[PDB]
Amino acid sequence: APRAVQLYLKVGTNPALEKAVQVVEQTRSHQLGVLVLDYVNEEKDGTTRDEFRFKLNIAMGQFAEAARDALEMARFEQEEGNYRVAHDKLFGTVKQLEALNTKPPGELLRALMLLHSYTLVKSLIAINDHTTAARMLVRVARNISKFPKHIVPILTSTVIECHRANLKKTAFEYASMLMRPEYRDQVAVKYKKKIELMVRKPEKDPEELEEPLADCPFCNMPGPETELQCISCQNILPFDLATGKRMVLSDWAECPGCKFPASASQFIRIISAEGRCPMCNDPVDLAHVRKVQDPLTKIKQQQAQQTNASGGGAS
């Protein structure tokens, strides 16, 4: 180990580095991490070393850190338009760490929601789910921290959707925060004068097409769709890829290619509209989408999902 695979790194390749990592996995020692991990993070650039001490954190048995590893490569590819692969990497470490007695905490899950709150819109912008597309755009423009590339597209698509989805009240209060001439001019100048007219004067026809509000899994309160919080039980509510809704207590279903919160009443629609899960990029169809008919399974599954990110892991 400490001299052997240091010789293996003295010769030195990307396969040599990842196999020295696997020798840390064999040895389960961080003094090999003095001779492999140190080599990894003081000899390699931030892309290949990222997966190197991802699987080395698998070696060293730290999985808050490995969750941060795939979180950081995913947020590297989040701010470039490749956020589908970013969602793939975030939930890839979710299942990797769930196979390693851990999982990423709620912060990687909220990065997953920041990504999903702009990803799902493009799957709802043309299926006449314009209401939830515009609302979920409002959600991604609310908690925006990991799409500084998409924030100008996020706000542009949000204001044009809420103009064209009968969400003219949030279109009005987004046009109110479009008084910045940077964001008043990304839309057309005619729409800029329309914005000035509808804000300076009272808004012409304010309206909202609300989302089909679902209910909490734990203690059953019908909260808003896009906020995923069990405020009936003060827990984190499971994350619907279906339409970004809450856990319906009659149409609970998993994400069957990847075993995640879904809701087949709208998850069947979203899989039909996408042809596959837009979160592991794995082929899932309607017959693959299998309903789990007991929402108490998701009650205990969300309790486990909140109460499995704390462990150390396979060390």
# chains A, B, ... in the order shown; residues from 1 in each chain; ligands from 1

$ residues_around --residues "stretch 102-108 of chain A" --least-positions-apart "5" --cutoff "9 Å" --atoms "only C-alpha atoms" --output "list in words"
residues 63, 64, 65, 66, 67, 68, 71, 90, 91, 93, 94, 95, 96, 97, 113, 236, 305, 306, 308, 309, 310, 311, 312, 313 and 314 of chain A

$ write_last_selection --atoms "C-alpha atoms" --output "CSV table (one decimal), in the first residue's frame"
chain,number,residue,atom,x,y,z
A,63,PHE,CA,-19.9,10.1,2.5
A,64,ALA,CA,-20.9,13.6,3.5
A,65,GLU,CA,-17.6,14.3,1.6
A,66,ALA,CA,-18.4,12.0,-1.3
A,67,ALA,CA,-21.9,13.6,-1.5
A,68,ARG,CA,-20.0,16.9,-1.7
A,71,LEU,CA,-22.4,17.7,-5.7
A,90,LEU,CA,-26.3,14.1,-7.9
A,91,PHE,CA,-28.7,11.2,-7.8
A,93,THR,CA,-24.2,9.6,-5.6
A,94,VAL,CA,-27.6,9.4,-4.0
A,95,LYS,CA,-27.9,5.7,-5.0
A,96,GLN,CA,-24.1,5.1,-4.7
A,97,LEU,CA,-24.2,6.3,-1.1
A,113,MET,CA,-34.6,20.7,-6.5
A,236,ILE,CA,-38.8,17.3,4.4
A,305,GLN,CA,-34.3,9.2,3.6
A,306,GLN,CA,-34.1,11.9,6.2
A,308,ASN,CA,-29.8,7.7,6.6
A,309,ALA,CA,-27.7,10.7,5.4
A,310,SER,CA,-26.0,10.9,8.9
A,311,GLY,CA,-24.0,7.7,8.9
A,312,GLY,CA,-20.3,7.3,8.2
A,313,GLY,CA,-20.5,4.5,5.6
A,314,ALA,CA,-18.4,1.7,4.2

$ residues_around --residues "stretch 183-192 of chain A" --least-positions-apart "2" --cutoff "9 Å" --atoms "only C-alpha atoms" --output "PyMOL selection string"
chain A and resi 152+155-156+159-160+175+177-181+194-197

$ closest_residue --among "A:110, A:89, A:298, A:204" --to "residue A:51" --atoms "only C-alpha atoms"
A:89

$ atom_distance --atom1 "atom CA of residue A:265" --atom2 "atom CA of residue A:247"
10.6 Å

$ select_by_dssp --residues "stretch 50-241 of chain A" --states "helix (DSSP H, G or I)" --output "JSON list (two decimals) with N, CA and C atoms, in the first residue's frame"
[["chain", "number", "residue", "atom", "x", "y", "z"],
["A", 50, "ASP", "N", -11.78, 14.75, -8.83],
["A", 50, "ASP", "CA", -13.10, 14.79, -8.21],
["A", 50, "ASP", "C", -13.68, 13.39, -8.06],
["A", 51, "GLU", "N", -13.72, 12.63, -9.16],
["A", 51, "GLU", "CA", -14.15, 11.25, -9.06],
["A", 51, "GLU", "C", -13.12, 10.39, -8.33],
["A", 52, "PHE", "N", -11.84, 10.77, -8.39],
["A", 52, "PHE", "CA", -10.80, 10.02, -7.68],
["A", 52, "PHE", "C", -11.06, 9.99, -6.18],
["A", 53, "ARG", "N", -11.20, 11.16, -5.55],
["A", 53, "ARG", "CA", -11.52, 11.08, -4.14],
["A", 53, "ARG", "C", -13.01, 11.00, -3.87],
["A", 54, "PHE", "N", -13.85, 10.94, -4.90],
["A", 54, "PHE", "CA", -15.19, 10.38, -4.71],
["A", 54, "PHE", "C", -15.10, 8.90, -4.35],
["A", 55, "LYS", "N", -14.49, 8.10, -5.22],
["A", 55, "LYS", "CA", -14.32, 6.68, -4.90],
["A", 55, "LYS", "C", -13.27, 6.45, -3.82],
["A", 56, "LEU", "N", -12.53, 7.44, -3.45],
["A", 56, "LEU", "CA", -11.55, 7.33, -2.34],
["A", 56, "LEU", "C", -12.32, 7.62, -1.05],
["A", 57, "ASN", "N", -13.29, 8.59, -1.11],
["A", 57, "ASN", "CA", -14.17, 8.75, 0.04],
["A", 57, "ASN", "C", -15.00, 7.50, 0.24],
["A", 58, "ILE", "N", -15.27, 6.78, -0.85],
["A", 58, "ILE", "CA", -15.74, 5.41, -0.74],
["A", 58, "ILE", "C", -14.68, 4.54, -0.07],
["A", 59, "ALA", "N", -13.41, 4.76, -0.43],
["A", 59, "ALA", "CA", -12.32, 4.10, 0.28],
["A", 59, "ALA", "C", -12.24, 4.54, 1.73],
["A", 60, "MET", "N", -12.19, 5.84, 1.97],
["A", 60, "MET", "CA", -12.00, 6.34, 3.32],
["A", 60, "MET", "C", -13.28, 6.29, 4.15],
["A", 64, "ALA", "N", -20.59, 12.18, 3.61],
["A", 64, "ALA", "CA", -20.89, 13.59, 3.45],
["A", 64, "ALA", "C", -19.91, 14.22, 2.47],
["A", 65, "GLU", "N", -18.64, 13.83, 2.56],
["A", 65, "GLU", "CA", -17.63, 14.34, 1.65],
["A", 65, "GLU", "C", -17.84, 13.81, 0.23],
["A", 66, "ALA", "N", -18.19, 12.53, 0.07],
["A", 66, "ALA", "CA", -18.43, 11.99, -1.27],
["A", 66, "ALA", "C", -19.69, 12.59, -1.89],
["A", 67, "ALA", "N", -20.72, 12.82, -1.07],
["A", 67, "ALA", "CA", -21.88, 13.58, -1.53],
["A", 67, "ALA", "C", -21.47, 14.96, -1.99],
["A", 68, "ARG", "N", -20.57, 15.62, -1.25],
["A", 68, "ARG", "CA", -20.04, 16.90, -1.69],
["A", 68, "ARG", "C", -19.21, 16.77, -2.96],
["A", 69, "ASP", "N", -18.54, 15.64, -3.15],
["A", 69, "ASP", "CA", -17.74, 15.42, -4.36],
["A", 69, "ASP", "C", -18.61, 15.41, -5.60],
["A", 70, "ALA", "N", -19.64, 14.57, -5.60],
["A", 70, "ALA", "CA", -20.52, 14.56, -6.76],
["A", 70, "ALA", "C", -21.39, 15.80, -6.83],
["A", 71, "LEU", "N", -21.69, 16.41, -5.69],
["A", 71, "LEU", "CA", -22.36, 17.71, -5.67],
["A", 71, "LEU", "C", -21.52, 18.77, -6.36],
["A", 72, "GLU", "N", -20.21, 18.76, -6.14],
["A", 72, "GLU", "CA", -19.39, 19.80, -6.73],
["A", 72, "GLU", "C", -19.15, 19.56, -8.22],
["A", 73, "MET", "N", -18.97, 18.31, -8.67],
["A", 73, "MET", "CA", -18.89, 18.14, -10.12],
["A", 73, "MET", "C", -20.25, 18.42, -10.78],
["A", 74, "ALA", "N", -21.34, 18.06, -10.11],
["A", 74, "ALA", "CA", -22.66, 18.35, -10.65],
["A", 74, "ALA", "C", -22.93, 19.85, -10.71],
["A", 75, "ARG", "N", -22.53, 20.61, -9.69],
["A", 75, "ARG", "CA", -22.71, 22.05, -9.78],
["A", 75, "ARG", "C", -21.68, 22.71, -10.69],
["A", 76, "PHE", "N", -20.58, 22.02, -11.01],
["A", 76, "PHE", "CA", -19.72, 22.46, -12.10],
["A", 76, "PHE", "C", -20.46, 22.37, -13.43],
["A", 77, "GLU", "N", -21.16, 21.27, -13.67],
["A", 77, "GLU", "CA", -21.91, 21.13, -14.92],
["A", 77, "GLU", "C", -23.32, 21.71, -14.84],
["A", 78, "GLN", "N", -23.72, 22.26, -13.69],
["A", 78, "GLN", "CA", -25.03, 22.91, -13.57],
["A", 78, "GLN", "C", -25.03, 24.26, -14.26],
["A", 83, "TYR", "N", -27.07, 20.55, -17.12],
["A", 83, "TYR", "CA", -27.57, 20.20, -15.80],
["A", 83, "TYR", "C", -28.33, 18.88, -15.77],
["A", 84, "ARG", "N", -28.68, 18.30, -16.92],
["A", 84, "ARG", "CA", -29.24, 16.95, -16.91],
["A", 84, "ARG", "C", -28.22, 15.94, -16.40],
["A", 85, "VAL", "N", -26.98, 16.03, -16.90],
["A", 85, "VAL", "CA", -25.90, 15.20, -16.38],
["A", 85, "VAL", "C", -25.59, 15.56, -14.93],
["A", 86, "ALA", "N", -25.84, 16.81, -14.54],
["A", 86, "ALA", "CA", -25.65, 17.20, -13.14],
["A", 86, "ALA", "C", -26.66, 16.52, -12.23],
["A", 87, "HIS", "N", -27.93, 16.48, -12.64],
["A", 87, "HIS", "CA", -28.95, 15.75, -11.91],
["A", 87, "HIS", "C", -28.61, 14.27, -11.87],
["A", 88, "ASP", "N", -28.08, 13.75, -12.98],
["A", 88, "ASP", "CA", -27.62, 12.37, -13.03],
["A", 88, "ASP", "C", -26.51, 12.11, -12.02],
["A", 89, "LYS", "N", -25.56, 13.04, -11.88],
["A", 89, "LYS", "CA", -24.46, 12.85, -10.94],
["A", 89, "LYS", "C", -24.92, 12.98, -9.49],
["A", 90, "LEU", "N", -25.79, 13.95, -9.21],
["A", 90, "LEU", "CA", -26.33, 14.11, -7.86],
["A", 90, "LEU", "C", -27.10, 12.87, -7.43],
["A", 91, "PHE", "N", -27.99, 12.38, -8.28],
["A", 91, "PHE", "CA", -28.73, 11.21, -7.84],
["A", 91, "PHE", "C", -27.92, 9.92, -8.02],
["A", 92, "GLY", "N", -26.86, 9.97, -8.82],
["A", 92, "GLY", "CA", -25.93, 8.86, -8.88],
["A", 92, "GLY", "C", -25.19, 8.68, -7.58],
["A", 93, "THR", "N", -24.74, 9.78, -6.97],
["A", 93, "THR", "CA", -24.17, 9.62, -5.63],
["A", 93, "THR", "C", -25.25, 9.37, -4.60],
["A", 94, "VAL", "N", -26.51, 9.75, -4.87],
["A", 94, "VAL", "CA", -27.59, 9.37, -3.95],
["A", 94, "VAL", "C", -27.71, 7.85, -3.87],
["A", 95, "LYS", "N", -27.79, 7.19, -5.03],
["A", 95, "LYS", "CA", -27.88, 5.73, -5.02],
["A", 95, "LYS", "C", -26.56, 5.05, -4.68],
["A", 96, "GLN", "N", -25.42, 5.64, -5.05],
["A", 96, "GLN", "CA", -24.13, 5.09, -4.66],
["A", 96, "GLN", "C", -23.96, 5.10, -3.15],
["A", 97, "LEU", "N", -24.33, 6.20, -2.50],
["A", 97, "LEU", "CA", -24.19, 6.32, -1.07],
["A", 97, "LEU", "C", -25.28, 5.56, -0.33],
["A", 98, "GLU", "N", -26.46, 5.42, -0.94],
["A", 98, "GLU", "CA", -27.48, 4.53, -0.41],
["A", 98, "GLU", "C", -27.06, 3.07, -0.52],
["A", 106, "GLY", "N", -29.88, 16.76, 2.88],
["A", 106, "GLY", "CA", -30.90, 17.58, 2.25],
["A", 106, "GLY", "C", -30.36, 18.74, 1.43],
["A", 107, "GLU", "N", -29.07, 19.07, 1.57],
["A", 107, "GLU", "CA", -28.50, 20.15, 0.77],
["A", 107, "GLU", "C", -28.29, 19.71, -0.68],
["A", 108, "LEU", "N", -27.82, 18.48, -0.89],
["A", 108, "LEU", "CA", -27.74, 17.96, -2.25],
["A", 108, "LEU", "C", -29.13, 17.72, -2.82],
["A", 109, "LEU", "N", -30.09, 17.35, -1.97],
["A", 109, "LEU", "CA", -31.47, 17.23, -2.42],
["A", 109, "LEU", "C", -32.06, 18.58, -2.81],
["A", 110, "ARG", "N", -31.67, 19.65, -2.12],
["A", 110, "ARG", "CA", -32.15, 20.98, -2.51],
["A", 110, "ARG", "C", -31.42, 21.51, -3.73],
["A", 111, "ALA", "N", -30.16, 21.12, -3.94],
["A", 111, "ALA", "CA", -29.52, 21.38, -5.23],
["A", 111, "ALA", "C", -30.23, 20.63, -6.34],
["A", 112, "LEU", "N", -30.65, 19.40, -6.05],
["A", 112, "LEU", "CA", -31.44, 18.61, -6.99],
["A", 112, "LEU", "C", -32.77, 19.29, -7.30],
["A", 113, "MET", "N", -33.41, 19.90, -6.29],
["A", 113, "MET", "CA", -34.61, 20.71, -6.53],
["A", 113, "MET", "C", -34.34, 22.01, -7.27],
["A", 114, "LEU", "N", -33.21, 22.67, -7.01],
["A", 114, "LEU", "CA", -32.86, 23.87, -7.77],
["A", 114, "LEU", "C", -32.69, 23.53, -9.24],
["A", 115, "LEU", "N", -32.10, 22.37, -9.52],
["A", 115, "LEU", "CA", -31.91, 21.94, -10.89],
["A", 115, "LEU", "C", -33.24, 21.50, -11.51],
["A", 116, "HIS", "N", -34.02, 20.74, -10.74],
["A", 116, "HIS", "CA", -35.27, 20.17, -11.21],
["A", 116, "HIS", "C", -36.33, 21.25, -11.42],
["A", 117, "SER", "N", -36.24, 22.35, -10.68],
["A", 117, "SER", "CA", -37.22, 23.41, -10.78],
["A", 117, "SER", "C", -37.09, 24.20, -12.07],
["A", 118, "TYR", "N", -35.98, 24.04, -12.79],
["A", 118, "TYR", "CA", -35.83, 24.54, -14.14],
["A", 118, "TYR", "C", -35.85, 23.44, -15.19],
["A", 119, "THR", "N", -35.52, 22.21, -14.80],
["A", 119, "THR", "CA", -35.57, 21.08, -15.73],
["A", 119, "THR", "C", -37.01, 20.67, -16.04],
["A", 120, "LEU", "N", -37.85, 20.57, -15.02],
["A", 120, "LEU", "CA", -39.22, 20.12, -15.19],
["A", 120, "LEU", "C", -40.06, 21.09, -16.00],
["A", 121, "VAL", "N", -39.69, 22.37, -16.01],
["A", 121, "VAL", "CA", -40.46, 23.38, -16.73],
["A", 121, "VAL", "C", -40.48, 23.08, -18.22],
["A", 122, "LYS", "N", -39.32, 22.75, -18.79],
["A", 122, "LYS", "CA", -39.23, 22.41, -20.20],
["A", 122, "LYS", "C", -40.03, 21.16, -20.55],
["A", 123, "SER", "N", -40.31, 20.30, -19.57],
["A", 123, "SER", "CA", -41.22, 19.19, -19.75],
["A", 123, "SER", "C", -42.67, 19.56, -19.46],
["A", 124, "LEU", "N", -42.93, 20.76, -18.93],
["A", 124, "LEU", "CA", -44.29, 21.23, -18.69],
["A", 124, "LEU", "C", -44.64, 22.47, -19.50],
["A", 130, "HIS", "N", -48.76, 24.60, -18.64],
["A", 130, "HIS", "CA", -48.19, 25.95, -18.58],
["A", 130, "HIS", "C", -48.32, 26.56, -17.19],
["A", 131, "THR", "N", -49.40, 26.23, -16.48],
["A", 131, "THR", "CA", -49.58, 26.72, -15.12],
["A", 131, "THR", "C", -48.47, 26.24, -14.19],
["A", 132, "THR", "N", -48.21, 24.93, -14.16],
["A", 132, "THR", "CA", -47.17, 24.41, -13.29],
["A", 132, "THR", "C", -45.78, 24.71, -13.83],
["A", 133, "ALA", "N", -45.63, 24.84, -15.15],
["A", 133, "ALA", "CA", -44.36, 25.26, -15.72],
["A", 133, "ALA", "C", -43.99, 26.67, -15.27],
["A", 134, "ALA", "N", -44.94, 27.60, -15.37],
["A", 134, "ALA", "CA", -44.68, 28.97, -14.94],
["A", 134, "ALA", "C", -44.51, 29.07, -13.43],
["A", 135, "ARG", "N", -45.32, 28.33, -12.66],
["A", 135, "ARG", "CA", -45.16, 28.31, -11.21],
["A", 135, "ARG", "C", -43.82, 27.70, -10.80],
["A", 136, "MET", "N", -43.36, 26.69, -11.53],
["A", 136, "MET", "CA", -42.15, 26.00, -11.12],
["A", 136, "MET", "C", -40.94, 26.84, -11.54],
["A", 137, "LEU", "N", -41.12, 27.63, -12.61],
["A", 137, "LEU", "CA", -40.17, 28.69, -12.95],
["A", 137, "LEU", "C", -40.09, 29.74, -11.86],
["A", 138, "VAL", "N", -41.24, 30.11, -11.29],
["A", 138, "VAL", "CA", -41.23, 31.02, -10.14],
["A", 138, "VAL", "C", -40.46, 30.39, -8.99],
["A", 139, "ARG", "N", -40.61, 29.07, -8.81],
["A", 139, "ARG", "CA", -39.87, 28.36, -7.78],
["A", 139, "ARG", "C", -38.36, 28.38, -8.04],
["A", 140, "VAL", "N", -37.93, 28.14, -9.28],
["A", 140, "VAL", "CA", -36.48, 28.15, -9.55],
["A", 140, "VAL", "C", -35.91, 29.56, -9.49],
["A", 141, "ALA", "N", -36.70, 30.58, -9.83],
["A", 141, "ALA", "CA", -36.25, 31.95, -9.66],
["A", 141, "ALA", "C", -36.31, 32.41, -8.21],
["A", 142, "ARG", "N", -37.02, 31.67, -7.35],
["A", 142, "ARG", "CA", -37.07, 31.98, -5.93],
["A", 142, "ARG", "C", -35.77, 31.57, -5.23],
["A", 151, "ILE", "N", -30.05, 31.98, -15.07],
["A", 151, "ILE", "CA", -30.92, 32.91, -14.35],
["A", 151, "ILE", "C", -31.54, 33.93, -15.31],
["A", 152, "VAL", "N", -30.81, 34.34, -16.34],
["A", 152, "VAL", "CA", -31.41, 35.22, -17.35],
["A", 152, "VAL", "C", -32.40, 34.40, -18.18],
["A", 153, "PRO", "N", -32.08, 33.19, -18.68],
["A", 153, "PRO", "CA", -33.15, 32.35, -19.24],
["A", 153, "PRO", "C", -34.25, 31.99, -18.25],
["A", 154, "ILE", "N", -33.92, 31.79, -16.97],
["A", 154, "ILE", "CA", -34.95, 31.45, -15.98],
["A", 154, "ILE", "C", -35.96, 32.58, -15.86],
["A", 155, "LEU", "N", -35.48, 33.82, -15.72],
["A", 155, "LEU", "CA", -36.39, 34.95, -15.56],
["A", 155, "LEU", "C", -37.10, 35.30, -16.86],
["A", 156, "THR", "N", -36.41, 35.17, -18.00],
["A", 156, "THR", "CA", -37.05, 35.41, -19.29],
["A", 156, "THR", "C", -38.20, 34.43, -19.53],
["A", 157, "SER", "N", -37.91, 33.13, -19.39],
["A", 157, "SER", "CA", -38.94, 32.12, -19.54],
["A", 157, "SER", "C", -40.02, 32.25, -18.49],
["A", 158, "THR", "N", -39.68, 32.68, -17.27],
["A", 158, "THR", "CA", -40.68, 32.87, -16.23],
["A", 158, "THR", "C", -41.65, 33.98, -16.60],
["A", 159, "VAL", "N", -41.14, 35.13, -17.03],
["A", 159, "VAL", "CA", -42.04, 36.24, -17.32],
["A", 159, "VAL", "C", -42.86, 35.97, -18.58],
["A", 160, "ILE", "N", -42.26, 35.34, -19.60],
["A", 160, "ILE", "CA", -43.07, 35.05, -20.78],
["A", 160, "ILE", "C", -44.07, 33.93, -20.52],
["A", 161, "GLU", "N", -43.72, 32.94, -19.68],
["A", 161, "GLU", "CA", -44.67, 31.89, -19.35],
["A", 161, "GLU", "C", -45.83, 32.44, -18.53],
["A", 162, "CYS", "N", -45.53, 33.17, -17.46],
["A", 162, "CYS", "CA", -46.57, 33.76, -16.63],
["A", 162, "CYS", "C", -47.38, 34.81, -17.39],
["A", 163, "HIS", "N", -46.84, 35.36, -18.48],
["A", 163, "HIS", "CA", -47.66, 36.16, -19.38],
["A", 163, "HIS", "C", -48.56, 35.27, -20.23],
["A", 164, "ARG", "N", -48.09, 34.08, -20.60],
["A", 164, "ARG", "CA", -48.81, 33.21, -21.53],
["A", 164, "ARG", "C", -49.37, 31.95, -20.87],
["A", 168, "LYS", "N", -50.92, 35.92, -14.71],
["A", 168, "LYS", "CA", -50.58, 37.32, -14.90],
["A", 168, "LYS", "C", -50.36, 38.08, -13.60],
["A", 169, "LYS", "N", -50.74, 37.53, -12.44],
["A", 169, "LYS", "CA", -50.40, 38.21, -11.20],
["A", 169, "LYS", "C", -48.92, 38.03, -10.86],
["A", 170, "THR", "N", -48.38, 36.82, -11.02],
["A", 170, "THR", "CA", -46.95, 36.66, -10.83],
["A", 170, "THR", "C", -46.17, 37.16, -12.04],
["A", 171, "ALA", "N", -46.79, 37.22, -13.22],
["A", 171, "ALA", "CA", -46.20, 37.99, -14.31],
["A", 171, "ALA", "C", -46.11, 39.46, -13.96],
["A", 172, "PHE", "N", -47.13, 40.00, -13.28],
["A", 172, "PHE", "CA", -47.11, 41.40, -12.87],
["A", 172, "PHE", "C", -46.04, 41.67, -11.82],
["A", 173, "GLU", "N", -45.94, 40.80, -10.81],
["A", 173, "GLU", "CA", -44.94, 41.03, -9.78],
["A", 173, "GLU", "C", -43.54, 40.57, -10.19],
["A", 174, "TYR", "N", -43.41, 39.87, -11.33],
["A", 174, "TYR", "CA", -42.10, 39.70, -11.93],
["A", 174, "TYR", "C", -41.74, 40.89, -12.82],
["A", 175, "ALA", "N", -42.71, 41.44, -13.54],
["A", 175, "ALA", "CA", -42.51, 42.70, -14.24],
["A", 175, "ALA", "C", -42.20, 43.84, -13.29],
["A", 176, "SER", "N", -42.64, 43.73, -12.03],
["A", 176, "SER", "CA", -42.28, 44.70, -11.01],
["A", 176, "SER", "C", -40.80, 44.60, -10.66],
["A", 181, "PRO", "N", -33.19, 47.74, -16.02],
["A", 181, "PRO", "CA", -33.13, 47.80, -17.49],
["A", 181, "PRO", "C", -32.34, 46.66, -18.12],
["A", 182, "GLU", "N", -31.48, 45.99, -17.35],
["A", 182, "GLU", "CA", -30.85, 44.76, -17.82],
["A", 182, "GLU", "C", -31.89, 43.69, -18.10],
["A", 183, "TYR", "N", -32.84, 43.51, -17.19],
["A", 183, "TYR", "CA", -33.87, 42.50, -17.34],
["A", 183, "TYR", "C", -35.16, 43.05, -17.95],
["A", 184, "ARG", "N", -35.26, 44.36, -18.13],
["A", 184, "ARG", "CA", -36.38, 44.91, -18.89],
["A", 184, "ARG", "C", -36.13, 44.87, -20.39],
["A", 189, "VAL", "N", -38.73, 45.41, -26.48],
["A", 189, "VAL", "CA", -38.94, 46.80, -26.05],
["A", 189, "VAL", "C", -40.43, 47.13, -26.00],
["A", 190, "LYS", "N", -41.23, 46.54, -26.89],
["A", 190, "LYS", "CA", -42.68, 46.66, -26.78],
["A", 190, "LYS", "C", -43.18, 46.01, -25.49],
["A", 191, "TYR", "N", -42.63, 44.85, -25.14],
["A", 191, "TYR", "CA", -42.98, 44.24, -23.86],
["A", 191, "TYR", "C", -42.41, 45.03, -22.70],
["A", 192, "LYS", "N", -41.29, 45.73, -22.91],
["A", 192, "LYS", "CA", -40.75, 46.61, -21.87],
["A", 192, "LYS", "C", -41.70, 47.77, -21.58],
["A", 193, "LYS", "N", -42.24, 48.40, -22.63],
["A", 193, "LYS", "CA", -43.22, 49.46, -22.42],
["A", 193, "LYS", "C", -44.52, 48.91, -21.87],
["A", 194, "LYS", "N", -44.89, 47.68, -22.25],
["A", 194, "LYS", "CA", -46.05, 47.03, -21.65],
["A", 194, "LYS", "C", -45.84, 46.81, -20.16],
["A", 195, "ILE", "N", -44.63, 46.40, -19.76],
["A", 195, "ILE", "CA", -44.30, 46.18, -18.35],
["A", 195, "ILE", "C", -44.38, 47.50, -17.58],
["A", 196, "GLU", "N", -43.82, 48.56, -18.16],
["A", 196, "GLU", "CA", -43.87, 49.87, -17.53],
["A", 196, "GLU", "C", -45.30, 50.36, -17.39],
["A", 197, "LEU", "N", -46.13, 50.10, -18.40],
["A", 197, "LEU", "CA", -47.53, 50.52, -18.34],
["A", 197, "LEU", "C", -48.31, 49.71, -17.31],
["A", 198, "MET", "N", -48.07, 48.40, -17.24],
["A", 198, "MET", "CA", -48.85, 47.57, -16.33],
["A", 198, "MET", "C", -48.37, 47.64, -14.90],
["A", 199, "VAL", "N", -47.19, 48.19, -14.64],
["A", 199, "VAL", "CA", -46.73, 48.36, -13.27],
["A", 199, "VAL", "C", -46.96, 49.79, -12.78],
["A", 200, "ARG", "N", -46.64, 50.78, -13.62],
["A", 200, "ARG", "CA", -46.90, 52.18, -13.27],
["A", 200, "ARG", "C", -48.39, 52.43, -13.08]]

$ closest_residue --among "A:167, A:271, A:253, A:258" --to "residue A:290" --atoms "only C-alpha atoms"
A:253

$ closest_residue --among "A:101, A:229, A:128, A:166" --to "residue A:269" --atoms "only C-alpha atoms"
A:128

$ residues_around --residues "residue A:3" --least-positions-apart "2" --cutoff "12 Å" --atoms "only C-alpha atoms" --output "ChimeraX atom specification"
/A:1,5-10,20,23,31-36

$ write_last_selection --atoms "C-alpha atoms" --output "JSON list (two decimals), in the first residue's frame"
[["chain", "number", "residue", "atom", "x", "y", "z"],
["A", 1, "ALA", "CA", 0.00, 0.00, 0.00],
["A", 5, "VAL", "CA", 0.80, 2.05, -4.91],
["A", 6, "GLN", "CA", 2.95, 5.10, -4.39],
["A", 7, "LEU", "CA", 5.23, 3.34, -6.88],
["A", 8, "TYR", "CA", 2.06, 2.79, -8.92],
["A", 9, "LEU", "CA", 1.57, 6.56, -8.85],
["A", 10, "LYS", "CA", 5.28, 7.18, -9.44],
["A", 20, "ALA", "CA", -4.42, 3.28, -6.08],
["A", 23, "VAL", "CA", -6.07, -0.05, -3.06],
["A", 31, "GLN", "CA", -2.09, 6.81, 5.51],
["A", 32, "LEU", "CA", -2.52, 5.37, 2.08],
["A", 33, "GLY", "CA", -4.50, 8.59, 1.81],
["A", 34, "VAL", "CA", -1.22, 10.23, 2.70],
["A", 35, "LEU", "CA", 0.25, 8.41, -0.32],
["A", 36, "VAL", "CA", -2.75, 8.19, -2.69]]

$ select_by_dssp --residues "stretch 70-280 of chain A" --states "strand (DSSP E or B)" --output "list in words"
residues 229, 230, 235, 236, 252, 253, 254, 261, 262 and 263 of chain A

$ write_last_selection --atoms "N, CA and C atoms" --output "PDB file, in the first residue's frame"
ATOM      1  N   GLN A 229     -42.080  20.487   1.512  1.00  0.00           N
ATOM      2  CA  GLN A 229     -41.820  20.456   2.946  1.00  0.00           C
ATOM      3  C   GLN A 229     -43.024  19.870   3.666  1.00  0.00           C
ATOM      4  N   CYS A 230     -42.785  18.841   4.482  1.00  0.00           N
ATOM      5  CA  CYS A 230     -43.837  18.265   5.312  1.00  0.00           C
ATOM      6  C   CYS A 230     -44.153  19.173   6.488  1.00  0.00           C
ATOM      7  N   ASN A 235     -41.140  18.017   8.573  1.00  0.00           N
ATOM      8  CA  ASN A 235     -40.122  17.214   7.914  1.00  0.00           C
ATOM      9  C   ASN A 235     -39.926  17.702   6.484  1.00  0.00           C
ATOM     10  N   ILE A 236     -39.002  17.052   5.789  1.00  0.00           N
ATOM     11  CA  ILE A 236     -38.756  17.319   4.378  1.00  0.00           C
ATOM     12  C   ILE A 236     -39.697  16.440   3.565  1.00  0.00           C
ATOM     13  N   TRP A 252     -49.416   7.464  -4.943  1.00  0.00           N
ATOM     14  CA  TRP A 252     -47.983   7.393  -4.695  1.00  0.00           C
ATOM     15  C   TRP A 252     -47.355   6.332  -5.593  1.00  0.00           C
ATOM     16  N   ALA A 253     -46.213   6.672  -6.185  1.00  0.00           N
ATOM     17  CA  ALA A 253     -45.463   5.736  -7.007  1.00  0.00           C
ATOM     18  C   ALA A 253     -43.994   6.113  -6.942  1.00  0.00           C
ATOM     19  N   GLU A 254     -43.135   5.144  -7.220  1.00  0.00           N
ATOM     20  CA  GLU A 254     -41.709   5.407  -7.161  1.00  0.00           C
ATOM     21  C   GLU A 254     -41.204   5.943  -8.497  1.00  0.00           C
ATOM     22  N   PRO A 261     -39.010   9.246  -4.913  1.00  0.00           N
ATOM     23  CA  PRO A 261     -40.332   9.884  -4.933  1.00  0.00           C
ATOM     24  C   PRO A 261     -40.874  10.290  -6.296  1.00  0.00           C
ATOM     25  N   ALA A 262     -42.115   9.885  -6.546  1.00  0.00           N
ATOM     26  CA  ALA A 262     -42.851  10.218  -7.757  1.00  0.00           C
ATOM     27  C   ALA A 262     -44.335  10.150  -7.415  1.00  0.00           C
ATOM     28  N   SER A 263     -45.182  10.418  -8.404  1.00  0.00           N
ATOM     29  CA  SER A 263     -46.628  10.361  -8.187  1.00  0.00           C
ATOM     30  C   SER A 263     -47.277  10.067  -9.530  1.00  0.00           C
TER      31      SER A 263
END
